[PDB]
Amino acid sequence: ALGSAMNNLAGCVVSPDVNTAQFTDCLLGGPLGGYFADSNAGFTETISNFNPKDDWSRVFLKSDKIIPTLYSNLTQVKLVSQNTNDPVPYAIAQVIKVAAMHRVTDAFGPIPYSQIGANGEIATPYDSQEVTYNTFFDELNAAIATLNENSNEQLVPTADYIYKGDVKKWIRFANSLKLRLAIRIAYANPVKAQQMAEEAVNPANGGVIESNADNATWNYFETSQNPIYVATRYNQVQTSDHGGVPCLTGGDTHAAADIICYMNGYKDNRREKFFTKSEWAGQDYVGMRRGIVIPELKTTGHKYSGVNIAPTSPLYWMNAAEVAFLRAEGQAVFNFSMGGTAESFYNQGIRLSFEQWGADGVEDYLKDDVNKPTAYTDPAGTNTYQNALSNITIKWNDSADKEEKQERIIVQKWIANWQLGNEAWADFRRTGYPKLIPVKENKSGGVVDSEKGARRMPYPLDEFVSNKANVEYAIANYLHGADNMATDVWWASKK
């Protein structure tokens, strides 16, 4: 029972169910984080163009594959810990719980949390986002304390397809997630942010992820196939329809223009690891723009670079590079005591990412104080954006002001977090970085800003049917703005 439940919990971060992951990570996170571009011309209502149907935007709260599955399996792990007088299984499950649920509040703002039912029923009162985040810290802190007290114990190997029962790795992931969430709240509650960040990296509490061997990843989907691979490939042009040579760029989702403009300008050797080659004459990497009139796949859409992912690829939750860049930002931008210099952490993050992806050339990359992001010259000539996306160069400049340091950190963190679109979206909303290509075909009817982009998802329509009083209370008291995509969540308070 324990092992089945734990692998079911793991599937509540990025779902193994293709169409669920398609909505949460391929159509929501990827485009809103500047990584992926919607690429089916029949998608006339999308998240990325700011006119989504409810069935696209609601998924984090309404899919039975997310909250009901999470809570039903959490209850089964709690049962094991109760029955056995052993708090370690439930501590690990709580880390997974926070990994799953922070994505949900980060999408909507206020959500049901403290009063969610044992089977994941959300027809309950909502918590403010501030209360939800404080609860995440309490939950992680309890789990971290339990695991440190039992740091010599181990789960059976099949009870954990993330870390094979190694409690010391779970401690590092829990502190890393705590650090992620602490930096998330660095503008909205700087006092709490500093305390949580500094605790997370204090060696007395067990450490953070410092090596790629300790990255938080999941591969045992129970379906045989990575769901992002499948979702991005849907509708790929067929070989006998592509002149007799298979198409390799995917179907419904392509690589975004934004990240490719940065990486082309930086001559970045991770490009071949991240992207398929484009079919545009003379151009190895060209992304499709986000927030456009989407072209027909068979004519031009299939020529843009795709996502380079395999059916057997793992799903990422958090990597070591991110932890390094969190510490760089904590030190450089917020003056937190992160255990080292910002320069040291920035360079470590770049080195971790190049190592992770097996890319050569990191030493020249680290020293590059010349090359800049490109503009976006659309080879189709329809959706060009003529300005360079930024002038920020790679090499660390310890003399720079805090705004430039933040930009530089976030750009490299963003590149290293390729495929973690929900995380990129959170960082973009919090910081304004990286500087992206504005939306061109803004279908929001004047509501959403083409530069600031989507700030949240609107609440599910069904909440007004099955949970009216509680969702309306949340809107009136906790949301601090209209229930639409333009209203910022609580932590997005940078001036």
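Numbers follow the displayed sequence, beginning with 1.
**Student:** If you average the Cα B factors in the entry, which is higher, 232-240 or 344-352?
**Tutor:** Of 232-240 and 344-352, the stretch with the higher C-alpha B-factor average is 232-240.
**Student:** For the C-alpha atoms alone, is the average B factor greater in 148-156 or in 67-75, going by the entry?
**Tutor:** Taking the mean C-alpha B-factor of 67-75 and of 148-156, the larger value falls to 148-156.
**Student:** Between 192, 267, 97, 273, let me know which has the highest C-alpha B-factor in the entry?
**Tutor:** Going by the entry's C-alpha B-factors, 192 comes out highest.
**Student:** Among the candidates 373, 246, 306, 109, give the one with the maximum CA B-factor reported in the record.
**Tutor:** Highest C-alpha B-factor among the listed residues goes to 246.
**Student:** Per the entry's values, where does residue 130 land by CA temperature factor relative to the rest of its chain, in the lowest, middle or highest third?
**Tutor:** According to the entry, residue 130 has a C-alpha B-factor in the chain's middle third.
**Student:** Quick one: classify residue 410 as lowest, middle or highest third of the chain based on its Cα B-factor.
**Tutor:** Tercile = lowest for this residue's CA B-factor.
**Student:** C-alpha B factor of residue 138, ranked within the chain: lowest, middle or highest third?
**Tutor:** For residue 138, whose C-alpha B-factor we compare with every modelled residue in the chain, the answer is the middle third.
**Student:** Which third of the chain holds residue 9 when residues are ordered by C-alpha B factor: lowest, middle or highest?
**Tutor:** According to the entry, residue 9 has a C-alpha B-factor in the chain's middle third.
**Student:** When the deposited Cα B-factors of this chain's modelled residues are ordered and cut into thirds, is residue 423 in the lowest, the middle or the highest one?
**Tutor:** Within its chain, residue 423 is a lowest-third residue by C-alpha B-factor, going by the deposited values.
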